[PDB]
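Below is the file input-v4.cif, which contains mmCIF, C-alpha atoms.
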data_start
loop_
_atom_site.label_atom_id
_atom_site.label_comp_id
_atom_site.auth_asym_id
_atom_site.auth_seq_id
_atom_site.Cartn_x
_atom_site.Cartn_y
_atom_site.Cartn_z
CA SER S 1072 0.00 0.00 0.00
CA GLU S 1073 2.61 2.57 1.02
CA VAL S 1074 6.12 3.79 0.26
CA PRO S 1075 8.50 3.80 3.27
CA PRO S 1076 8.15 7.58 3.82
CA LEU S 1077 4.40 7.05 4.06
CA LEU S 1078 5.07 4.23 6.52
CA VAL S 1079 7.10 6.65 8.66
CA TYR S 1080 4.34 9.26 8.35
CA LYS S 1081 1.69 6.76 9.42
CA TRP S 1082 3.84 5.69 12.38
CA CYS S 1083 4.06 9.33 13.51
CA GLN S 1084 0.28 9.71 13.11
CA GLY S 1085 -0.43 6.53 15.06
CA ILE S 1086 1.83 7.65 17.91
CA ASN S 1087 0.04 11.01 17.96
CA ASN S 1088 -3.43 9.45 17.88
CA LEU S 1089 -2.90 7.06 20.78
CA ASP S 1090 -4.87 7.85 23.97
CA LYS S 1091 -3.36 10.46 26.27
CA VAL S 1092 0.01 9.67 24.76
CA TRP S 1093 1.66 12.94 25.76
CA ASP S 1094 0.11 13.00 29.24
CA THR S 1095 2.77 12.55 31.94
CA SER S 1096 0.74 13.84 34.89
CA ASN S 1097 0.44 10.50 36.69
CA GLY S 1098 4.01 9.41 35.96
CA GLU S 1099 3.26 7.27 32.91
CA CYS S 1100 6.03 6.85 30.33
CA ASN S 1101 6.25 5.97 26.65
CA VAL S 1102 8.95 3.72 25.20
CA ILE S 1103 9.95 3.17 21.59
CA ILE S 1104 12.31 0.25 21.14
CA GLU S 1105 13.71 -0.38 17.67
CA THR S 1106 15.81 -3.49 17.27
CA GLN S 1107 16.95 -6.06 14.75
CA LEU S 1108 16.35 -9.80 14.84
CA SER S 1109 19.90 -11.16 14.89
CA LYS S 1110 20.83 -14.05 12.55
CA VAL S 1111 17.28 -15.14 11.69
CA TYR S 1112 17.97 -16.30 8.12
CA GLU S 1113 21.08 -18.05 9.37
CA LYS S 1114 19.27 -19.90 12.15
CA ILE S 1115 16.19 -21.10 10.28
CA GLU S 1116 15.90 -24.88 10.73
CA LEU S 1117 14.75 -26.59 7.56
CA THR S 1118 12.67 -29.37 9.17
CA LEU S 1119 10.76 -26.88 11.33
CA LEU S 1120 10.33 -24.59 8.32
CA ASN S 1121 8.87 -27.53 6.40
CA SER S 1122 6.37 -28.06 9.22
CA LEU S 1123 5.28 -24.41 9.31
CA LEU S 1124 4.99 -24.15 5.53
CA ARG S 1125 3.01 -27.40 5.58
CA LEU S 1126 0.66 -25.58 7.92
CA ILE S 1127 -0.01 -22.71 5.56
CA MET S 1128 0.11 -24.36 2.13
CA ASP S 1129 0.09 -27.53 0.07
CA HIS S 1130 2.69 -30.06 1.16
CA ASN S 1131 4.19 -30.38 -2.33
CA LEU S 1132 4.84 -26.63 -2.35
CA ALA S 1133 6.32 -26.74 1.15
CA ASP S 1134 8.55 -29.68 0.21
CA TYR S 1135 9.68 -27.84 -2.91
CA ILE S 1136 10.65 -24.80 -0.85
CA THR S 1137 12.71 -26.61 1.77
CA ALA S 1138 14.35 -28.97 -0.74
CA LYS S 1139 15.21 -25.85 -2.72
CA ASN S 1140 16.90 -24.38 0.32
CA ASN S 1141 18.99 -27.54 0.70
CA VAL S 1142 21.49 -26.98 -2.12
CA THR S 1143 25.23 -26.87 -2.78
CA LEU S 1144 26.76 -23.40 -2.86
CA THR S 1145 29.88 -22.95 -4.98
CA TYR S 1146 32.39 -20.14 -5.29
CA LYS S 1147 35.42 -20.90 -7.46
CA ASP S 1148 37.02 -23.98 -5.91
CA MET S 1149 34.93 -23.90 -2.72
CA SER S 1150 31.68 -25.73 -2.15
CA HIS S 1151 29.45 -26.86 0.69
CA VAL S 1152 25.90 -28.00 1.21
CA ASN S 1153 23.53 -25.56 2.85
CA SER S 1154 21.68 -27.67 5.39
CA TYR S 1155 20.84 -25.03 8.00
CA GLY S 1156 19.53 -21.56 7.38
CA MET S 1157 17.63 -20.16 4.44
CA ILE S 1158 18.92 -18.93 1.11
CA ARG S 1159 17.76 -15.37 0.61
CA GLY S 1160 18.48 -15.55 -3.13
CA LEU S 1161 15.60 -17.84 -4.03
CA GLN S 1162 12.72 -16.07 -5.72
CA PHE S 1163 10.20 -16.98 -2.98
CA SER S 1164 12.57 -16.22 -0.09
CA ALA S 1165 10.87 -12.91 0.76
CA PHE S 1166 7.54 -14.72 1.14
CA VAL S 1167 9.06 -17.49 3.24
CA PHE S 1168 10.80 -15.02 5.50
CA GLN S 1169 7.73 -12.85 5.98
CA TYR S 1170 5.80 -15.91 7.14
CA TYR S 1171 8.64 -16.98 9.46
CA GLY S 1172 8.89 -13.45 10.82
CA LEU S 1173 5.15 -13.49 11.46
CA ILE S 1174 5.68 -16.51 13.70
CA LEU S 1175 8.44 -14.55 15.43
CA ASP S 1176 6.00 -11.63 15.81
CA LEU S 1177 3.62 -14.01 17.54
CA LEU S 1178 6.44 -15.01 19.89
CA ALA A 385 1.38 -41.49 6.93
CA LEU A 386 3.69 -38.62 7.95
CA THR A 387 4.41 -37.09 4.52
CA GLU A 388 1.42 -37.16 2.14
CA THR A 389 -0.99 -35.89 4.75
CA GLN A 390 -2.00 -32.21 3.97
CA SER A 391 -2.43 -29.35 6.42
CA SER A 392 -3.57 -29.81 10.00
CA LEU A 393 -5.83 -26.75 9.86
CA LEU A 394 -8.09 -28.68 7.47
CA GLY A 395 -8.90 -31.25 10.14
CA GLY A 396 -8.92 -34.69 8.62
CA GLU A 397 -7.92 -38.12 9.84
CA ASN A 398 -4.40 -38.99 10.88
CA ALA A 399 -3.32 -42.09 8.99
CA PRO A 400 -2.34 -44.92 11.38
CA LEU A 401 1.34 -45.17 12.30
CA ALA A 402 1.63 -48.95 12.17
CA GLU A 403 4.80 -48.97 14.25
CA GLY A 404 4.86 -52.23 16.20
CA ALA A 405 8.35 -52.97 17.50
CA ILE T 290 24.95 -36.59 13.02
CA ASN T 291 23.37 -36.08 16.43
CA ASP T 292 20.45 -38.11 17.78
CA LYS T 293 18.75 -34.82 18.55
CA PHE T 294 17.75 -34.90 14.87
CA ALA T 295 15.67 -38.00 15.59
CA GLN T 296 14.07 -36.56 18.73
CA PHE T 297 13.42 -33.20 17.03
CA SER T 298 11.80 -34.79 13.98
CA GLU T 299 9.56 -37.12 15.96
CA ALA T 300 8.49 -34.30 18.29
CA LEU T 301 7.43 -32.18 15.32
CA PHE T 302 5.52 -35.08 13.74
CA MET T 303 3.57 -35.87 16.91
CA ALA T 304 2.84 -32.17 17.41
CA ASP T 305 1.43 -32.05 13.87
CA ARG T 306 -0.78 -35.10 14.46
CA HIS T 307 -1.96 -33.74 17.82
CA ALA T 308 -2.90 -30.42 16.21
CA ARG T 309 -4.78 -32.22 13.43
CA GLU T 310 -6.78 -34.23 15.97
CA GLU T 311 -7.59 -31.11 18.02
CA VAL T 312 -8.81 -29.32 14.89
CA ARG T 313 -10.97 -32.31 13.91
CA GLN T 314 -12.56 -32.61 17.37
CA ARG T 315 -13.21 -28.88 17.60
CA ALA T 316 -14.72 -28.86 14.10
CA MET T 317 -17.12 -31.61 15.18
CA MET T 318 -17.99 -29.63 18.33
CA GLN T 319 -18.98 -26.47 16.48
CA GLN T 320 -20.72 -28.67 13.88
CA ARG T 321 -22.97 -30.06 16.62
CA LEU T 322 -23.41 -26.58 18.12
CA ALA T 323 -24.45 -25.31 14.68
CA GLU T 324 -26.90 -28.23 14.46
CA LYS T 325 -28.47 -27.29 17.80
CA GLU T 326 -28.59 -23.59 16.88
CA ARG T 327 -30.29 -24.44 13.57
CA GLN T 328 -32.83 -26.63 15.39
CA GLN T 329 -33.54 -23.83 17.88
CA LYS T 330 -33.97 -21.36 14.99
CA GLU T 331 -36.38 -23.80 13.32
CA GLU T 332 -38.40 -24.12 16.54
CA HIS T 333 -38.46 -20.32 16.91
CA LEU T 334 -39.68 -19.93 13.32
CA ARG T 335 -42.33 -22.60 13.91
CA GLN T 336 -43.52 -20.75 17.03
CA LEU T 337 -43.63 -17.47 15.10
CA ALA T 338 -45.61 -19.13 12.29
CA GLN T 339 -48.04 -20.57 14.86
CA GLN T 340 -48.45 -17.11 16.41
CA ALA T 341 -49.09 -15.60 12.97
CA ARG T 342 -51.66 -18.30 12.20
CA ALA T 343 -53.39 -17.66 15.55
CA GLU T 344 -53.44 -13.91 14.84
CA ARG T 345 -54.89 -14.53 11.37
CA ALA T 346 -57.56 -16.83 12.83
CA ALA T 347 -58.43 -14.21 15.46
CA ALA T 348 -58.65 -11.47 12.82
CA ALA T 349 -60.78 -13.64 10.51
CA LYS C 912 35.09 -21.03 5.52
CA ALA C 913 33.01 -19.76 8.45
CA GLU C 914 29.82 -20.96 6.76
CA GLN C 915 31.18 -24.47 6.18
CA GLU C 916 32.24 -24.60 9.82
CA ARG C 917 28.74 -23.48 10.90
CA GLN C 918 27.07 -26.12 8.71
CA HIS C 919 29.39 -28.79 10.09
CA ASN C 920 28.68 -27.68 13.65
CA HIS C 921 24.94 -27.95 13.02
CA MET C 922 25.33 -31.56 11.87
CA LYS C 923 27.58 -32.40 14.82
CA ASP C 924 25.84 -30.45 17.62
CA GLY C 925 22.33 -31.21 16.45
CA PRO C 926 19.38 -28.92 15.99
CA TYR C 927 19.93 -25.91 18.19
CA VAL C 928 16.20 -25.40 18.59
CA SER C 929 15.08 -27.82 21.27
CA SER C 930 12.15 -30.12 20.60
CA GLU C 931 10.11 -28.38 23.30
CA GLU C 932 10.86 -25.01 21.69
CA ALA C 933 9.92 -26.35 18.26
CA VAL C 934 6.64 -27.80 19.52
CA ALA C 935 5.81 -24.52 21.25
CA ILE C 936 6.51 -22.55 18.05
CA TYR C 937 4.42 -24.95 15.96
CA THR C 938 1.57 -24.86 18.49
CA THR C 939 1.55 -21.05 18.55
CA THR C 940 1.33 -21.09 14.76
CA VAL C 941 -1.57 -23.57 14.62
CA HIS C 942 -3.49 -21.68 17.30
CA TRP C 943 -3.00 -18.41 15.44
CA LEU C 944 -4.05 -19.76 12.06
CA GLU C 945 -7.05 -21.58 13.53
CA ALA C 946 -8.08 -18.32 15.21
CA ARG C 947 -7.73 -16.43 11.92
CA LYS C 948 -9.66 -19.20 10.09
CA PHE C 949 -6.87 -19.36 7.52
CA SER C 950 -7.53 -21.52 4.48
CA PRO C 951 -4.32 -23.23 3.30
CA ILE C 952 -3.05 -22.40 -0.17
CA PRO C 953 -3.80 -25.16 -2.70
CA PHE C 954 -1.51 -26.54 -5.32
CA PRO C 955 -2.18 -24.59 -8.55
CA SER C 956 -4.82 -26.26 -10.68
CA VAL C 957 -4.41 -27.40 -14.26
CA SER C 958 -7.07 -24.83 -15.18
CA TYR C 959 -6.30 -22.16 -12.59
CA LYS C 960 -7.83 -19.03 -14.06
CA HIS C 961 -4.94 -16.72 -13.15
CA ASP C 962 -2.00 -18.89 -14.29
CA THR C 963 -1.24 -16.81 -17.38
CA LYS C 964 -1.19 -13.55 -15.42
CA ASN O 49 30.08 -35.07 -9.39
CA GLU O 50 26.95 -37.14 -10.02
CA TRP O 51 28.24 -39.93 -12.28
CA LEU O 52 31.92 -40.13 -13.11
CA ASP O 53 33.53 -39.65 -9.71
CA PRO O 54 35.06 -43.02 -8.71
CA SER O 55 33.51 -42.95 -5.24
CA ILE O 56 30.00 -43.33 -6.64
CA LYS O 57 28.43 -46.75 -6.05
CA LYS O 58 26.32 -47.85 -9.00
CA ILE O 59 25.69 -51.38 -7.69
CA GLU O 60 22.28 -52.42 -6.37
CA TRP O 61 21.23 -51.17 -2.95
CA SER O 62 21.64 -53.46 0.02
CA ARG O 63 19.00 -53.90 2.70
CA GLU O 64 21.06 -51.99 5.28
CA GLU O 65 21.37 -49.13 2.79
CA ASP O 66 17.62 -49.14 2.19
CA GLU O 67 16.89 -49.11 5.91
CA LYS O 68 19.31 -46.22 6.44
CA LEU O 69 17.79 -44.28 3.53
CA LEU O 70 14.21 -44.63 4.77
CA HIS O 71 15.22 -43.86 8.36
CA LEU O 72 17.05 -40.67 7.36
CA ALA O 73 14.30 -39.58 4.97
CA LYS O 74 11.94 -39.84 7.92
CA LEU O 75 14.29 -37.84 10.17
CA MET O 76 15.33 -34.98 7.87
CA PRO O 77 12.47 -34.72 5.37
CA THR O 78 13.11 -33.71 1.72
CA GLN O 79 16.69 -32.72 2.65
CA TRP O 80 18.42 -34.86 0.06
CA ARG O 81 21.75 -33.01 -0.14
CA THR O 82 21.97 -33.54 3.63
CA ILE O 83 20.77 -37.16 3.60
CA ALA O 84 23.05 -38.33 0.78
CA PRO O 85 26.49 -38.20 2.52
CA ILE O 86 25.11 -40.07 5.54
CA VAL O 87 23.61 -42.82 3.37
CA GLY O 88 26.68 -42.94 1.14
CA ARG O 89 25.07 -42.49 -2.29
CA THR O 90 24.41 -39.40 -4.36
CA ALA O 91 21.39 -37.19 -3.70
CA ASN O 92 19.76 -38.20 -6.97
CA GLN O 93 20.46 -41.88 -6.28
CA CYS O 94 18.94 -41.60 -2.81
CA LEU O 95 15.89 -39.75 -4.12
CA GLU O 96 15.30 -42.16 -7.00
CA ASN E 90 21.93 -31.35 27.99
CA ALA E 91 21.64 -27.57 27.64
CA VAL E 92 22.68 -26.77 24.09
CA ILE E 93 25.74 -24.71 23.28
CA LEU E 94 25.01 -22.62 20.20
CA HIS E 95 27.45 -22.21 17.32
CA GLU E 96 28.37 -18.65 18.31
CA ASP E 97 29.19 -19.68 21.90
#

Full structure transcribed into structure tokens:
Amino acid sequence: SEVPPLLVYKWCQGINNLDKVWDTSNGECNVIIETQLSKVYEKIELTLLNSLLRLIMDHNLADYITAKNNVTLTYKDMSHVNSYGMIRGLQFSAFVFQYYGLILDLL
Amino acid sequence: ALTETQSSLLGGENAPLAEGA
Amino acid sequence: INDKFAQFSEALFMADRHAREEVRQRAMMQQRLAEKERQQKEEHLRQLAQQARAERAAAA
Amino acid sequence: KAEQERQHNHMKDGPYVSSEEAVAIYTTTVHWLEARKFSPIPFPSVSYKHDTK
Amino acid sequence: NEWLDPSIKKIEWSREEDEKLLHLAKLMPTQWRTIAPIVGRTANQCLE
Amino acid sequence: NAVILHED
């Protein structure tokens, strides 16, 4: 719906339109905490991700997504198998991470 | 029974895990 | 590899099957509650129709 | 090099998420989606009307 | 990597190999690049 | 018993 400046504008408007938000008569305080979820993509577990994607969609699609994350990465003469953590370079990775982050939002 | 089973939000019957020993 | 892979996998599978059974049982519970609500609505409509018939007989 | 060592450590030192933690995460997800009445996404049909788009 | 490497076993699967393959496919589902070194065959061989 | 993470 919105560009990130409009997201910032709406966040300012929501803060301003909360109840009694600037009232500090009775000692109440307001806190904004901004933080970053550290190493989420790195620490995604592929079996658990398969279970959560199996919750929201068809099991063939979920199995495709996690099997797709289990690949061999190569760079020149180096190679290893990714077996832990997601690959952010897959086309559907933004979708998969927004769903995973929604579960983290629930937590 | 554990793989081709479809989502648990749809209800449905769990296929029997004929485990034995 | 670790045996924690085996315990982790089996825990997730039993959690999935438990959730599926809970969803099935709850779906049957609100199915029966919908059945009883529909029957109560039918009885209410029958009572309203009987009242309308009595009013029509009194007016006639 | 660091990433290969991390992958190797995951195979050797097991899933870092405990089974209790995983079950709690899964249960929170099922309770949420059941509360939101979410319908799971189907596999795309042979004659899905939006496939071309 | 998938055919011509001399460490690739193209003989028929033994019963111990089949039991290991099914057991690991139950443990780490659809993770064939992970399963294959533990079984001892290629990922495509294990999947097929 | 209590897991030691990769970063620790």

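Residues from chain C found within 12 Å of chain O are residues 918, 919, 921, 922, 925 and 926 of chain C, counting all atoms listed in the file.
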
task: I would like the residues chosen by the PyMOL selection byres ((chain S) within 9 of (chain A)) on the shown file; could you give them as a PyMOL selection string?
output: chain S and resi 1125-1131

- request: Within 12 Å of (22.3, -24.6, 24.0) (coordinates as in the file), grab all the protein and nucleic acid residues, counting all atoms listed in the file, and write them out as a list in words.
  value: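 Output: residues 921, 924, 925, 926, 927, 928, 929 and 932 of chain C; 90, 91, 92, 93, 94, 95, 96 and 97 of chain E.
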
Identify all residues satisfying the PyMOL selection byres ((chain C and resi 912) around 12) in the given file; provide them as a PDB file with C-alpha atoms, in the frame of the given file.
ATOM      1  CA  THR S1145      29.880 -22.950  -4.980  1.00  0.00           C
ATOM      2  CA  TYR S1146      32.390 -20.140  -5.290  1.00  0.00           C
ATOM      3  CA  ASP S1148      37.020 -23.980  -5.910  1.00  0.00           C
ATOM      4  CA  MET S1149      34.930 -23.900  -2.720  1.00  0.00           C
ATOM      5  CA  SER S1150      31.680 -25.730  -2.150  1.00  0.00           C
ATOM      6  CA  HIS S1151      29.450 -26.860   0.690  1.00  0.00           C
TER       7      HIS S1151
ATOM      8  CA  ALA C 913      33.010 -19.760   8.450  1.00  0.00           C
ATOM      9  CA  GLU C 914      29.820 -20.960   6.760  1.00  0.00           C
ATOM     10  CA  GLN C 915      31.180 -24.470   6.180  1.00  0.00           C
ATOM     11  CA  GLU C 916      32.240 -24.600   9.820  1.00  0.00           C
ATOM     12  CA  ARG C 917      28.740 -23.480  10.900  1.00  0.00           C
ATOM     13  CA  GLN C 918      27.070 -26.120   8.710  1.00  0.00           C
ATOM     14  CA  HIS C 919      29.390 -28.790  10.090  1.00  0.00           C
TER      15      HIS C 919
END

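Between atom CA of residue 1113 of chain S and atom CA of residue 1140 of chain S there is a distance of 11.8 Å.
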
Atomic separation - atom CA of residue 1133 of chain S relative to atom CA of residue 954 of chain C, Å: 10.2 Å

- request: Find the residue from S:1175, S:1083, S:1136, S:1100 that sits nearest to chain C; use all atoms listed in the file when measuring.
  value: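 The shortest atom-to-atom distance to chain C comes from S:1175.
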
field: Selection result of the PyMOL selection byres ((chain O) within 12 of (chain A)) on this file, as a PyMOL selection string
entry: chain O and resi 73-78

Segment 394-405 of chain A, all listed atoms, 3 Å padding on each side: what axis-aligned box centre and edge lengths in Å to one decimal come out, as AutoDock Vina command-line options?
--center_x -0.3 --center_y -40.8 --center_z 12.5 --size_x 23.3 --size_y 30.3 --size_z 16.0

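Closest to chain E among S:1109, S:1162, S:1153, S:1121 is S:1109, based on all atoms listed in the file.
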
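The interatomic distance for the pair atom CA of residue 326 of chain T and atom CA of residue 310 of chain T works out to 24.3 Å.
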
List as a Markdown table every residue of chain C that is in contact with chain A, defined as an atom at most 12 Å from one of its atoms (using all atoms listed in the file), together with the nearest atom pair and the distance in Å rounded to one decimal, sorted by chain and then rising number.
| residue | atom | partner | partner_atom | distance |
| --- | --- | --- | --- | --- |
| C:937 | CA | A:392 | CA | 11.1 |
| C:938 | CA | A:392 | CA | 11.1 |
| C:940 | CA | A:393 | CA | 10.4 |
| C:941 | CA | A:393 | CA | 7.1 |
| C:942 | CA | A:393 | CA | 9.3 |
| C:943 | CA | A:393 | CA | 10.4 |
| C:944 | CA | A:393 | CA | 7.5 |
| C:945 | CA | A:393 | CA | 6.5 |
| C:946 | CA | A:393 | CA | 10.2 |
| C:947 | CA | A:393 | CA | 10.7 |
| C:948 | CA | A:393 | CA | 8.5 |
| C:949 | CA | A:393 | CA | 7.8 |
| C:950 | CA | A:393 | CA | 7.7 |
| C:951 | CA | A:391 | CA | 7.1 |
| C:952 | CA | A:391 | CA | 9.6 |
| C:953 | CA | A:390 | CA | 9.9 |
| C:954 | CA | A:390 | CA | 10.9 |

Hey, can you spit out that residue selection with C-alpha atoms as a PDB file, in the coordinates of the input?
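selection_12.pdb, freshly written:
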ATOM      1  CA  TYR C 937       4.420 -24.950  15.960  1.00  0.00           C
ATOM      2  CA  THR C 938       1.570 -24.860  18.490  1.00  0.00           C
ATOM      3  CA  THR C 940       1.330 -21.090  14.760  1.00  0.00           C
ATOM      4  CA  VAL C 941      -1.570 -23.570  14.620  1.00  0.00           C
ATOM      5  CA  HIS C 942      -3.490 -21.680  17.300  1.00  0.00           C
ATOM      6  CA  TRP C 943      -3.000 -18.410  15.440  1.00  0.00           C
ATOM      7  CA  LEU C 944      -4.050 -19.760  12.060  1.00  0.00           C
ATOM      8  CA  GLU C 945      -7.050 -21.580  13.530  1.00  0.00           C
ATOM      9  CA  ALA C 946      -8.080 -18.320  15.210  1.00  0.00           C
ATOM     10  CA  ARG C 947      -7.730 -16.430  11.920  1.00  0.00           C
ATOM     11  CA  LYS C 948      -9.660 -19.200  10.090  1.00  0.00           C
ATOM     12  CA  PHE C 949      -6.870 -19.360   7.520  1.00  0.00           C
ATOM     13  CA  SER C 950      -7.530 -21.520   4.480  1.00  0.00           C
ATOM     14  CA  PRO C 951      -4.320 -23.230   3.300  1.00  0.00           C
ATOM     15  CA  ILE C 952      -3.050 -22.400  -0.170  1.00  0.00           C
ATOM     16  CA  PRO C 953      -3.800 -25.160  -2.700  1.00  0.00           C
ATOM     17  CA  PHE C 954      -1.510 -26.540  -5.320  1.00  0.00           C
TER      18      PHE C 954
END

field: Proximal residues of chain S relative to chain O (all atoms listed in the file; 8 Å) as a ChimeraX atom specification
entry: /S:1118,1134,1137-1138,1141-1143,1152,1154

Could the residues in this selection be written to a file with C-alpha atoms, as a short mmCIF file (atom, residue, chain, number, x, y, z; two decimals), in the frame of the given file?
data_model
loop_
_atom_site.label_atom_id
_atom_site.label_comp_id
_atom_site.auth_asym_id
_atom_site.auth_seq_id
_atom_site.Cartn_x
_atom_site.Cartn_y
_atom_site.Cartn_z
CA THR S 1118 12.67 -29.37 9.17
CA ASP S 1134 8.55 -29.68 0.21
CA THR S 1137 12.71 -26.61 1.77
CA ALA S 1138 14.35 -28.97 -0.74
CA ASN S 1141 18.99 -27.54 0.70
CA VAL S 1142 21.49 -26.98 -2.12
CA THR S 1143 25.23 -26.87 -2.78
CA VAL S 1152 25.90 -28.00 1.21
CA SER S 1154 21.68 -27.67 5.39
#

task: Compile the residues of chain T that lie within 12 Å of chain A, evaluated using only C-alpha atoms, and express the compilation as a PyMOL selection string.
output: chain T and resi 298-299+301-317

Using only C-alpha atoms, collect all residues at a distance of at most 6 Å from (14.1, -40.8, 1.1) as written in the file, then present them as a PDB file with C-alpha atoms, in the coordinates of the input.
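What ended up in out_19.pdb:
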ATOM      1  CA  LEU O  69      17.790 -44.280   3.530  1.00  0.00           C
ATOM      2  CA  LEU O  70      14.210 -44.630   4.770  1.00  0.00           C
ATOM      3  CA  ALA O  73      14.300 -39.580   4.970  1.00  0.00           C
ATOM      4  CA  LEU O  95      15.890 -39.750  -4.120  1.00  0.00           C
TER       5      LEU O  95
END
